[PDB]
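*Asks:* Below: one structure in structure tokens.
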Amino acid sequence: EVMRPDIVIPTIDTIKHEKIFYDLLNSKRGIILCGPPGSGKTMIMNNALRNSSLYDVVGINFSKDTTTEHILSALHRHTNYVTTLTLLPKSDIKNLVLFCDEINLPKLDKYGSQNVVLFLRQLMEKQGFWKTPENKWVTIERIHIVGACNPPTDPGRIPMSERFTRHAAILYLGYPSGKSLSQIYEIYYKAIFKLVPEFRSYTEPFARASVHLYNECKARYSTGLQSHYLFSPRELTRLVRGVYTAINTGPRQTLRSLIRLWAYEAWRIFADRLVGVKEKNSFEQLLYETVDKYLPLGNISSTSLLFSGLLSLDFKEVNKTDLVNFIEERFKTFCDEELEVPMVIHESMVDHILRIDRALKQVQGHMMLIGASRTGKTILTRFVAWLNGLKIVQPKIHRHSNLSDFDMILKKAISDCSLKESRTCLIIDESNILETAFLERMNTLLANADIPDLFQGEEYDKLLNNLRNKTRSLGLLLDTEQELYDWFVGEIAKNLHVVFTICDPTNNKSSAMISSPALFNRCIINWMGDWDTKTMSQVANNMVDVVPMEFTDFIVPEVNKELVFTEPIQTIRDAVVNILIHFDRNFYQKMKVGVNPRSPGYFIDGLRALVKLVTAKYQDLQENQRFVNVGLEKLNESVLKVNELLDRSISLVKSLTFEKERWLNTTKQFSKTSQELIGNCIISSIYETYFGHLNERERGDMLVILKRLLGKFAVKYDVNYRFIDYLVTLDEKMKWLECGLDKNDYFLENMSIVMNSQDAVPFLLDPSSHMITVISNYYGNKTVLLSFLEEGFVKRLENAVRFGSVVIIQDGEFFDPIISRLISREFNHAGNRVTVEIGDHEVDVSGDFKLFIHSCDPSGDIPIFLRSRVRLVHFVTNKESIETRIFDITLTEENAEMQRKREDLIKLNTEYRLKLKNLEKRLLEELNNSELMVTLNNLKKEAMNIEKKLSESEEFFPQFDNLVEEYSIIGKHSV
Amino acid sequence: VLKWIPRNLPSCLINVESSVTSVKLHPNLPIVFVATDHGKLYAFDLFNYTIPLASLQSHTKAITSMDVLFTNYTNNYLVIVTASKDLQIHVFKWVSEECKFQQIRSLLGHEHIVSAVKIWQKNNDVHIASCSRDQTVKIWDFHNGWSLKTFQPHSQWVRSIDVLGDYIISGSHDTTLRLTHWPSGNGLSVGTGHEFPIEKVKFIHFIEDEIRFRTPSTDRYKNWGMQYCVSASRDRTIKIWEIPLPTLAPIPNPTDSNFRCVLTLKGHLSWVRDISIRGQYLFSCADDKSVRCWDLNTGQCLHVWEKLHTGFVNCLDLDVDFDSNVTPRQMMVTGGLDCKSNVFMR
Amino acid sequence: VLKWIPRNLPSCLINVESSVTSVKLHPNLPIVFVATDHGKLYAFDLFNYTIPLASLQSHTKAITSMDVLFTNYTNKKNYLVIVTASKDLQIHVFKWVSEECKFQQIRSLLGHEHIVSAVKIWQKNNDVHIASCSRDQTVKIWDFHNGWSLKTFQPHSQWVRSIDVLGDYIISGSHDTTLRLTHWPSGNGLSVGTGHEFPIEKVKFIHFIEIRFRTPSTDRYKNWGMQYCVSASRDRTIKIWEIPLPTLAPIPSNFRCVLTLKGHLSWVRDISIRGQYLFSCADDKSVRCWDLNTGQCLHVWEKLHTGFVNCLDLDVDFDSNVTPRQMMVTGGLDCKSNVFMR
Ligand SMILES: Nc1ncnc2c1ncn2[C@@H]1O[C@H](COP(=O)(O)OP(=O)(O)O)[C@@H](O)[C@H]1O
Ligand SMILES: Nc1ncnc2c1ncn2[C@@H]1O[C@H](COP(=O)(O)OP(=O)(O)O)[C@@H](O)[C@H]1O
């Protein structure tokens with residue numbers, strides 16, 4: 001009977017309030033019930049009205065945006081319009097009681113009035129209202145009004161007009177005393193422990209422990225810390241219900257098992273909403289003190305308590321290792337079956353999976369995941385729903401969407417839940433609430449188990465037809481309207497679970513979402529938050545243990561214990577993980593994030609980029625060193641064979657002195673390059689995944705921070721390191737410069753960042769829109785320019801995906817949320833065919849398809865979903881670019897022939913240098929593959945010719961230097 | 001010879017490079033064939049398990065299923081066919097003169113990964129069954145090499161099949177069972193009651209040796225040749241279904257278009273992967289690293305193999321006893337996800 | 001079982017890029033790892049030897065030695081560890097990921113002042129230790145979990161050319177004709193043994209099996225567990241010495257040659273023992289099998305390769321976790337390998 005919400009334990013205050021409420025209601029007067037949340041106004045009302053065959057209760061929950069139309073819609077299925085106009089209840093012998101929760105919430109207009117308050121005072125004082133469309137006066141005959149609210153001193157509450165409260169009888173419902181709460185929950189614990197008779201003498205100490213824990217949580221964690229720290233007896237009854245469920249679906253229990261299970265339930269009820277680690281430690285110490293004081297057992301941490309029914313037929317505490325292995329295999333199968341995502345399963349991941357499973361295994365059990373973006377909220381929800389056999393429904397709310405689409409999606413989900421008995425998990429992101437009407441719809445869906453506004457008139461009648469047919473299909477014997485719609489409500493409550501994804505809880509829309517009354521009092525608030533440093537260490541180790549890293553001498557540096565977040569330093573791997581954690585912390589500290597949750601997307605992107613880059617660099621370095629070694633060995637063997645025992649071969653050997661010297665120098669410096677490889681790869685990955693949206697000064701300061709931090713952990717790096725000299729090759733540089741890149745080094749770094757991003761869709765901030773024509777020159781005729789602000793963009797994008805064209809989407813500040821699966825790289829693989837879902841139908845990815853997003857508006861609006869999952873690159877002109885363009889313009893307008901000759905000379909010199917480099921590479925390749933002497937002589941002659949060409953062409957530099965010195969003052973004044 | 005129960009400890013163990021997805025037993029010689037998630041196909045003789053006999057990488061993806069058949073004729077070799085995720089079904093030849101694999105050909109026609117194959121001999125002509133993720137059961141001819149009939153028995157992709165003459169039963173990802181008569185290609189009955197996807201479904205073949213579910217009830221069921229079906233799903237349960245008698249191309253009766261769960265075997269701690277019937281005993285494995293042995297008469301588990309593998313137990317099989325062409329020897333082999341395979345002798 | 005006789009003719013012929021340096025056999029599967037003189041390490045299947053499974057350019061110079069073993073952790077996923085030594089003064093640690101059949105380079109071991117000549121790897125209950133020897137007259141002992149050296153000392157005046165590890169005692173073969181058994185945890189010598197006239201090639205310990213040399217003599221010898229050892233050099237003679245029992249940290253005294261072998265036409269390179277028979281190759285391109293009881297050659301496999309024989313691999317019969325498979329692979333300098341299966 002603990003599950004049934006209709007049970008009320010009769011106390012003195014309960015029976016007193018119930019009978020005076022009945023006396024007031026039978027006197028035909030308005031009633032307003034006031035008190036702190038969780039006092040029991042709804043409880044005492046329902047207890048009073050269950051024992052009566054004269055009244056019916058209609059539940060309406062008010063929010064910040066409630067209208068008269070909502071009240072009338074909730075009354076459609078309970079009232080009949082008759083002309084004797086008069087609004088009778090549908091029943092002829094039972095009165096109707098209109099119960100209005102949270103009646104203070106309906107906000108004021110700009111002139112300080114409430115539409116709902118005045119409507120209700122018209123209903124009570126005048127017994128009727130005016131029907132808006134036909135302008136006629138209806139009469140309220142047998143409808144009573146009961147209001148429930150909180151004191152106006154509570155946040156979000158507003159004072160009501162005296163004309164309202166003049167017609168209403170006000171009763172104050174306060175919190176029960178600690179003794180009364182202890183008695184109530186000792187009765188509950190006796191009911192629970194009837195299943196375990198061997199511990200029937202521990203019911204009272206458990207009740208005192210729970211009540212003391214609730215009182216201490218209310219005292220310690222107040223509203224002044226966080227706005228959602230509202231505790232009530234509802235937390236205690238939630239804990240009691242969870243305890244009953246856990247023993248009911250569990251094995252034979254011991255005293256230690258019972259205490260640990262109660263502690264786990266306390267963790268999941270009282271401490272899920274805690275934000276800071278300090279409050280988590282405070283709750284841990286509070287649980288320790290409560291257990292020692294009231295129940296005179298091992299560790300009582302959140303990670304130490306892992307109760308799950310996944311590993312066995314019964315809900316019980318399980319080991320960490322076997323649970324981790326089971327979740328790893330299950331997520332491998334999940335990646336095979338639904339969507340391929342390379343995720344790492346860590347300890348906090350396991351704990352969050354367990355608590356999401358606990359919520360989704362309940363009846364009328366919802367979730368409100370609050371945390372940073374790219375933490376694993378929606379993917380964990382989908383994994384848990386797949387494990388529980390639920391159907392994931394993510395609404396396709398995009399731009400140019402209205403109430404009609406959301407109502408259609410909600411009605412389809414409700415019909416599937418009820419008629420088609422399809423157990424559905426509904427994931428609603430904070431970005432799917434375009435305006436507050438969506439939030440009001442979700443409030444109505446959560447407070448009740450139906451949306452009365454979505455079933456009106458002929459839609460209501462056809463819903464009755466469908467439900468009658470479905471009930472005849474199952475064979476249940478029911479024909480009345482009331483019982484049939486109660487079956488509807490029961491099916492919706494049983495089969496529908498709603499999970500809310502919130503990224504930034506300090507946004508006004510997200511603040512109203514969290515502080516919404518029905519959302520607050522029905523959802524299980526799971527403040528996941530940002531990743532703690534232990535989680536980052538675990539995931540970094542799990543993605544860098546599979547890559548060759550330790551290949552050089554490493555000495556453990558002398559560092560403080562508090563500055564080491566992994567296990568104590570033993571290899572380069574732990575030092576690298578600690579370096580990345582420290583740089584993530586320093587990055588989010590220097591960007592003044594404040595209390596905004598710190599998204600770990602940068603950390604994961606840096607880890608993946610570092611892994612791939614160091615793998616490629618290690619392969620290239622090993623291949624090049626092997627080539628140099630075998631070439632030197634072959635040259636030495638040929639020299640020895642010639643000495644032991646043909647003029648062309650002698651000339652070739654004599655001409656290879658410079659090549660031999662270069663090979664010897666590379667062999668000597670191989671050790672130095674091996675010393676600093678890991679640090680260079682780390683700094684590179686930081687460049688691609690961190691420095692995209694930074695100017696040159698911020699990049700330089702942050703590189704200084706990273707360099708000192710990387711030298712702290714005894715990791716070597718190139719002292720003369722440069723991003724262009726490490727990631728940008730000569731061929732790529734020429735392709736970019738002939739496409740239209742500026743000579744500025746910042747632009748070259750940005751172009752290298754955007755081109756070397758093959759795992760995340762890049763984002764371009766070019767106010768001059770130069771990158772659009774640059775990329776269009778890069779791909780020539782296969783490129784296509786789309787925009788979010790144009791009609792038919794979806795069809796063009798789908799056609800380009802089918803064909804394989806390179807797509808550039810302008811107007812990046814108007815992100816269209818149906819390309820989200822393209823943004824998140826969510827692909828479905830069917831053998832050699834890869835398909836993605838855009839809009840409402842699947843489309844085949846060609847594999848040559850590329851996505852670029854462009855935005856020319858600085859300081860625009862970028863959603864957190866898009867912001868956290870793109871390589872956002874800023875193309876902002878700086879001093880050097882302005883000086884270069886000024887010099888180019890003044891030289892073109894002063895002496896065009898000189899400027900043309902200079903740029904042609906620069907192009908010739910760089911092309912000749914690339915030809916020389918490729919010729920040396922070809923010489924090395926040909927020597928490794930060993931007529932040949934003549935070819936080698938020709939290659940040497942061509943290299944000498946290129947060197948002579950460079951020597952002859954390097955005689956015009958002083959003229960360019962003099963011109964630069966002449967126009968430098970013009971450039972500096974221009975900037 | 002029929003009531004044999006395997007011992008609590010395997011005598012010999014097989015080590016494989018990757019996860020073992022399917023294992024099959026040669027009806028004549030003491031050799032076991034082992035599939036691999038990496039894509040290789042192995043074969044180990046039952047007495048010298050230190051080294052294999054033949055192994056080649058024919059599929060570019062993971063093998064999903066395979067089976068064996070010893071052909072007979074009125075006018076004679078072992079046929080092995082292997083499905084995989086490489087969008088192609090490969091047919092091989094097992095020559096015992098050299099004990100070396102010989103590829104016959106490869107089969108095509110599926111739009112997604114194929115997960116089950118069944119081969120049967122009928123009047124000197126053999127056919128190979130196939131169900132894939134494209135929601136189609138495209139069973140094919142080994143001789144001609146072309147397709148015969150394509151039908152869609154489920155709204156969601158079919159995970160397992162079984163053939164008993166001209167009738168095929170299909171278990172899919174939509175938690176339903178559907179029995180279709182292949183030559184007409186029409187659905188006969190729908191079996192619901194599971195709430196998690198079906199992993200393996202097969203017929204309960206009639207036996208003559210007194211097992212409750214392996215005998216016909218009335219004369220009509222004996223004439224039809226089949227009465228009961230066994231299915232496993234991700235519900236941690238094994239359910240025994242019954243085939244309603246159709247109007248007999250059989251016509252599905254409107255009043256007899258549904259199954260009926262005669263028994264519901266439960267007790268596994270995870271998804272039941274593969275099942276097998278030997279006499280009155282039902283042998284099943286699951287992801288709980290365990291193998292049960294469910295007696296058919298009592299409907300209760302008899303012997304439990306706790307922690308047989310350190311990982312998931314993907315597959316197992318016995319020797320077919322309903323066919324006189326294959327002697328039901330006391331051999332059982334279980335494949336595991338821990339890159340290991342255990343064989344129980346005598 | 002352990003008394004199987006190898007076939008007269010080879011069964012498989014696998015070609016490599018250069019001269020074979022070291023050959024190791026995968027203890028669980030028909031997989032052979034071979035390293036060439038160019039530093040490239042190969043993974044060949046015994047049923048498909050035409051193409052390798054995976055190839056990686058590990059070292060930049062010639063490979064000197066290689067040893068493999070399968071970890072047995074009581075808690076942690078099992079994997080195989082490949083330790084390869086070369087002339088690059090560095091030893092890399094690999095891992096065979098059979099799921100995709102590739103090579104992952106776990107870590108390297110740096111610190112040797114010369115070319116590492118030999119390796120030997122062993123597993124404790126929950127720890128793995130790495131043994132090595134180089135030309136710097138030192139034997140550096142590393143740890144697989146940590147990655148840095150735990151013991152480093154000079155066991156001989158000359159350069160050590162071979163080393164064997166068995167528990168806390170290590171027998172090191174050097175360019176000098178003498179050897180030395182030293183305690184690993186204490187870093188002190190225990191006994192020495194001379195008698196040869198040429199540099200030592202490969203020295204390996206002998207494990208007792210529950211035979212004249214595999215049976216303990218007294219209870220004290222059984223408690224110690226080490227009584228006999230096998231040595232080889234360039235003097236074309238393999239002599240089995242007796243290890244005296246020091247006064248037990250052990251406190252240190254000469255090795256007595258209780259047996260000798262003759263008949264080798266060149267300098268021996270590798271010595272392999274399987275049960276009661278010992279197989280060893282040399283530069284004469286012949287493989288001789290000598291019984292431990294009679295102490296004479298029984299079967300000869302001549303004209304195996306055109307060049308000299310480099311090394312041979314045999315599964316250990318003294319390990320409970322290692323199955324004594326009936327297979328043996330021998331490598332030669334003619335860029336070819338011979339496999340005798342069953
Ligand atoms: N006999 C009782 N006396 C007082 N409080 C009780 C009794 N039984 C249950 N409660 C507690 O009162 C709570 C009811 O609060 P509720 O009516 O939802 O708040 P509100 O009045 O704001 O709607 C329950 O969560 C339960 O824990
Ligand atoms: N445990 C993890 N290990 C690695 N990557 C993760 C993990 N959790 C989340 N991610 C990253 O987050 C992305 C999906 O997270 P998601 O649930 O969509 O976050 P959100 O709900 O905040 O949008 C993936 O692309 C993945 O790279």
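Letters A, B, ... mark the chains of the structure tokens in the order given; residue numbers begin at 1 per chain; ligand numbers begin at 1, in order shown.
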So which bits of segment 6-234 of chain C end up alpha helix (DSSP H) when you DSSP the backbone, as an MDAnalysis selection string?
*Replies:* chainID C and resid 219:224
*Asks:* Please, could you write that set of residues out with N, CA and C atoms as a short mmCIF file (atom, residue, chain, number, x, y, z; two decimals), in the first residue's frame?
*Replies:*
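Writing done, so here's out11.cif:
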```cif
data_model
loop_
_atom_site.label_atom_id
_atom_site.label_comp_id
_atom_site.auth_asym_id
_atom_site.auth_seq_id
_atom_site.Cartn_x
_atom_site.Cartn_y
_atom_site.Cartn_z
N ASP C 219 65.98 -33.43 -0.38
CA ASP C 219 64.91 -32.52 0.03
C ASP C 219 65.36 -31.07 -0.03
N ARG C 220 66.63 -30.80 0.27
CA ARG C 220 67.14 -29.43 0.19
C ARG C 220 67.12 -28.91 -1.24
N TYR C 221 67.49 -29.77 -2.20
CA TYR C 221 67.43 -29.37 -3.61
C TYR C 221 66.00 -29.11 -4.06
N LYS C 222 65.05 -29.93 -3.61
CA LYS C 222 63.65 -29.69 -3.93
C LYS C 222 63.15 -28.39 -3.32
N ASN C 223 63.57 -28.09 -2.08
CA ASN C 223 63.20 -26.82 -1.47
C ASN C 223 63.78 -25.64 -2.23
N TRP C 224 65.04 -25.76 -2.67
CA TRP C 224 65.64 -24.71 -3.49
C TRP C 224 65.00 -24.65 -4.87
#
```
*Asks:* Taking only C-alpha atoms into account and nothing else, which residues of chain A lie no more than 9 Å away from chain C? Please answer as a PyMOL selection string.
*Replies:* chain A and resi 545-555+570-571+619+622-623+625-627+629-630
*Asks:* Using only C-alpha atoms and all ligand atoms, which residues have at least one atom no more than 7 Å from ligand 2? Output them as a list in words.
*Replies:*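 What falls inside 7 Å of ligand 2 is residues 341, 342, 343, 344, 345, 346, 349, 372, 373, 374, 375, 376, 377, 378, 379, 380, 501, 503, 539, 601, 604, 824 and 865 of chain A.
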*Asks:* At a cut-off of 8 Å and counting only C-alpha atoms and all ligand atoms, what residues surround ligand 1? Please answer as a VMD selection string.
*Replies:* chain A and resid 7 to 11 13 to 14 35 to 44 101 148 to 150 173 175 to 176 180 to 181 184 232 to 238
*Asks:* Please produce a file of the residues just selected, as an mmCIF file, in the first residue's frame, where the atoms kept are N, CA and C atoms.
*Replies:*
```cif
data_model
loop_
_atom_site.group_PDB
_atom_site.id
_atom_site.type_symbol
_atom_site.label_atom_id
_atom_site.label_comp_id
_atom_site.auth_asym_id
_atom_site.auth_seq_id
_atom_site.Cartn_x
_atom_site.Cartn_y
_atom_site.Cartn_z
ATOM 1 N N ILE A 7 -3.430 6.843 0.329
ATOM 2 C CA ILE A 7 -3.383 6.529 1.751
ATOM 3 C C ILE A 7 -2.991 7.773 2.537
ATOM 4 N N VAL A 8 -3.687 8.002 3.647
ATOM 5 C CA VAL A 8 -3.378 9.085 4.571
ATOM 6 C C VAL A 8 -3.394 8.510 5.979
ATOM 7 N N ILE A 9 -2.339 8.778 6.744
ATOM 8 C CA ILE A 9 -2.222 8.301 8.117
ATOM 9 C C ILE A 9 -2.963 9.292 9.016
ATOM 10 N N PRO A 10 -4.020 8.875 9.711
ATOM 11 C CA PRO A 10 -4.834 9.837 10.467
ATOM 12 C C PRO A 10 -4.152 10.360 11.722
ATOM 13 N N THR A 11 -3.780 11.635 11.705
ATOM 14 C CA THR A 11 -3.280 12.341 12.874
ATOM 15 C C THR A 11 -4.334 13.339 13.346
ATOM 16 N N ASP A 13 -3.979 16.752 13.393
ATOM 17 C CA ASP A 13 -4.040 17.840 12.424
ATOM 18 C C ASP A 13 -4.716 17.390 11.138
ATOM 19 N N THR A 14 -4.453 16.153 10.714
ATOM 20 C CA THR A 14 -5.042 15.645 9.479
ATOM 21 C C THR A 14 -6.562 15.605 9.566
ATOM 22 N N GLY A 35 0.148 27.450 2.494
ATOM 23 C CA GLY A 35 1.193 26.877 3.305
ATOM 24 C C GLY A 35 2.433 26.583 2.488
ATOM 25 N N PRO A 36 3.512 26.190 3.157
ATOM 26 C CA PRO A 36 4.747 25.843 2.445
ATOM 27 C C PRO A 36 4.550 24.596 1.602
ATOM 28 N N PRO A 37 5.353 24.414 0.552
ATOM 29 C CA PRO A 37 5.205 23.218 -0.288
ATOM 30 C C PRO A 37 5.431 21.942 0.510
ATOM 31 N N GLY A 38 4.621 20.928 0.216
ATOM 32 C CA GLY A 38 4.690 19.677 0.940
ATOM 33 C C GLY A 38 3.945 19.653 2.254
ATOM 34 N N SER A 39 3.161 20.692 2.560
ATOM 35 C CA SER A 39 2.405 20.712 3.809
ATOM 36 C C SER A 39 1.334 19.629 3.830
ATOM 37 N N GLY A 40 0.639 19.433 2.714
ATOM 38 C CA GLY A 40 -0.373 18.399 2.635
ATOM 39 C C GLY A 40 -1.755 18.909 2.289
ATOM 40 N N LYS A 41 -1.829 20.075 1.641
ATOM 41 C CA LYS A 41 -3.121 20.640 1.258
ATOM 42 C C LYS A 41 -3.843 19.737 0.264
ATOM 43 N N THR A 42 -3.145 19.328 -0.798
ATOM 44 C CA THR A 42 -3.717 18.378 -1.743
ATOM 45 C C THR A 42 -4.038 17.058 -1.056
ATOM 46 N N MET A 43 -3.178 16.636 -0.126
ATOM 47 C CA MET A 43 -3.389 15.377 0.580
ATOM 48 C C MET A 43 -4.657 15.415 1.425
ATOM 49 N N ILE A 44 -4.824 16.465 2.236
ATOM 50 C CA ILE A 44 -6.004 16.546 3.093
ATOM 51 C C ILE A 44 -7.262 16.733 2.254
ATOM 52 N N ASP A 101 -4.210 24.267 -8.265
ATOM 53 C CA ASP A 101 -2.921 24.269 -7.592
ATOM 54 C C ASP A 101 -2.080 25.465 -8.012
ATOM 55 N N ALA A 148 -5.208 26.158 -3.967
ATOM 56 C CA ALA A 148 -4.037 25.807 -3.179
ATOM 57 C C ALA A 148 -2.884 26.699 -3.603
ATOM 58 N N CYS A 149 -2.105 27.162 -2.631
ATOM 59 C CA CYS A 149 -1.041 28.114 -2.916
ATOM 60 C C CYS A 149 -0.015 28.077 -1.793
ATOM 61 N N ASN A 150 1.035 28.865 -1.967
ATOM 62 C CA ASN A 150 2.095 29.092 -1.005
ATOM 63 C C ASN A 150 2.049 30.538 -0.526
ATOM 64 N N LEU A 173 -1.981 25.602 6.215
ATOM 65 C CA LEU A 173 -1.474 24.253 6.438
ATOM 66 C C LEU A 173 0.031 24.349 6.646
ATOM 67 N N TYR A 175 3.877 22.765 8.257
ATOM 68 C CA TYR A 175 4.636 21.527 8.326
ATOM 69 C C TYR A 175 4.330 20.800 9.632
ATOM 70 N N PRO A 176 4.140 19.484 9.596
ATOM 71 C CA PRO A 176 3.965 18.732 10.841
ATOM 72 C C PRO A 176 5.240 18.743 11.671
ATOM 73 N N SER A 180 5.345 14.182 14.922
ATOM 74 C CA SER A 180 4.281 13.716 14.036
ATOM 75 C C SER A 180 4.851 13.063 12.783
ATOM 76 N N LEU A 181 5.892 13.664 12.199
ATOM 77 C CA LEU A 181 6.546 13.059 11.044
ATOM 78 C C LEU A 181 7.158 11.714 11.408
ATOM 79 N N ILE A 184 4.354 9.189 11.553
ATOM 80 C CA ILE A 184 3.862 8.870 10.213
ATOM 81 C C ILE A 184 4.812 7.904 9.515
ATOM 82 N N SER A 232 10.859 18.724 1.590
ATOM 83 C CA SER A 232 9.490 18.605 2.073
ATOM 84 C C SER A 232 9.309 17.201 2.631
ATOM 85 N N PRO A 233 8.166 16.919 3.265
ATOM 86 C CA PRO A 233 7.823 15.515 3.548
ATOM 87 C C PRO A 233 7.679 14.664 2.296
ATOM 88 N N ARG A 234 7.530 15.286 1.122
ATOM 89 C CA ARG A 234 7.520 14.532 -0.127
ATOM 90 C C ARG A 234 8.831 13.789 -0.345
ATOM 91 N N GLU A 235 9.956 14.375 0.067
ATOM 92 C CA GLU A 235 11.225 13.656 -0.002
ATOM 93 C C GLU A 235 11.200 12.421 0.890
ATOM 94 N N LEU A 236 10.611 12.548 2.080
ATOM 95 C CA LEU A 236 10.540 11.415 2.996
ATOM 96 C C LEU A 236 9.647 10.307 2.450
ATOM 97 N N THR A 237 8.510 10.666 1.850
ATOM 98 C CA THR A 237 7.643 9.624 1.304
ATOM 99 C C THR A 237 8.260 9.005 0.051
ATOM 100 N N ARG A 238 9.036 9.787 -0.710
ATOM 101 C CA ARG A 238 9.782 9.227 -1.833
ATOM 102 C C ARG A 238 10.817 8.218 -1.352
#
```
*Asks:* Counting only C-alpha atoms, collect the residues of chain A whose closest atom lies at most 12 Å from chain B, and write them out as an MDAnalysis selection string.
*Replies:* chainID A and resid 309:315 322:323 325:330 336:337 386:391 421:423 828:834
*Asks:* Separation of atom CA of residue 189 of chain B and atom CA of residue 202 of chain B, in Å?
*Replies:*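 For atom CA of residue 189 of chain B relative to atom CA of residue 202 of chain B, the distance reads 15.3 Å.
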*Asks:* Would you kindly report the residues of chain B within 6 Å of chain C, using only C-alpha atoms, as a ChimeraX atom specification?
*Replies:* /B:17-18,38,50
*Asks:* Between C:24, C:214, C:161, C:183, which residue has the minimum interatomic distance to residue 232 of chain C, considering only C-alpha atoms?
*Replies:*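 Of C:24, C:214, C:161, C:183, the one nearest residue 232 of chain C, counting only C-alpha atoms, is C:161.
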*Asks:* Excluding residue 21 of chain A and its own-chain neighbours fewer than 3 positions away, which residues fall within 9 Å of it when counting only C-alpha atoms? Please give them as a PyMOL selection string.
*Replies:* chain A and resi 16-18+24-26+31+44-45+48+171
*Asks:* Quick one: everything within 8 Å of residue 34 of chain C, counting only C-alpha atoms, minus sequence neighbours fewer than 2 positions away in the same chain. Send it as a VMD selection string.
*Replies:* chain C and resid 20 to 24 32 36 41 to 44
*Asks:* Run DSSP on the backbone and give me the residues of segment 145-341 of chain C it puts in strand (DSSP E), as a ChimeraX atom specification.
*Replies:* /C:149-153,160-166,169-174,179-183,188-193,200-205,228-233,239-242,256-260,268-274,277-282,286-291,297-302,309-314,327-332,336-341
*Asks:* Show which residues sit within 9 Å of residue 70 of chain B, as a VMD selection string. Count only C-alpha atoms, and ignore same-chain residues fewer than 4 positions away.
*Replies:* chain B and resid 26 to 28 76 to 80 121 325 to 326
*Asks:* Could you write those residues out with N, CA and C atoms, as a compact mmCIF listing (two decimals), in the first residue's frame?
*Replies:*
```txt
# COMPACT_ATOMS: atom_id res chain seq x y z
N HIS B 26 30.31 -31.81 -36.49
CA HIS B 26 30.26 -32.69 -37.65
C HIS B 26 29.50 -33.96 -37.29
N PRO B 27 28.45 -34.32 -38.03
CA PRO B 27 27.66 -35.51 -37.66
C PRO B 27 28.43 -36.83 -37.69
N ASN B 28 29.55 -36.91 -38.42
CA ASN B 28 30.25 -38.18 -38.59
C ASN B 28 31.59 -38.21 -37.87
N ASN B 76 27.08 -36.99 -51.68
CA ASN B 76 27.33 -37.52 -50.34
C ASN B 76 28.56 -36.86 -49.71
N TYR B 77 28.37 -35.65 -49.19
CA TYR B 77 29.45 -34.91 -48.56
C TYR B 77 28.86 -33.89 -47.60
N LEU B 78 29.71 -33.41 -46.69
CA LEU B 78 29.28 -32.46 -45.67
C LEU B 78 29.25 -31.06 -46.27
N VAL B 79 28.10 -30.39 -46.16
CA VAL B 79 27.92 -29.03 -46.65
C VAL B 79 27.89 -28.10 -45.45
N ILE B 80 28.76 -27.10 -45.45
CA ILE B 80 28.78 -26.06 -44.43
C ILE B 80 28.56 -24.72 -45.11
N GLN B 121 17.78 -31.02 -46.60
CA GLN B 121 17.78 -31.83 -47.81
C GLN B 121 16.39 -32.40 -48.04
N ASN B 325 19.53 -40.01 -39.88
CA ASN B 325 20.78 -39.91 -40.62
C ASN B 325 21.95 -39.50 -39.74
N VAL B 326 21.69 -38.90 -38.59
CA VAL B 326 22.72 -38.44 -37.67
C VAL B 326 22.54 -39.16 -36.34
```
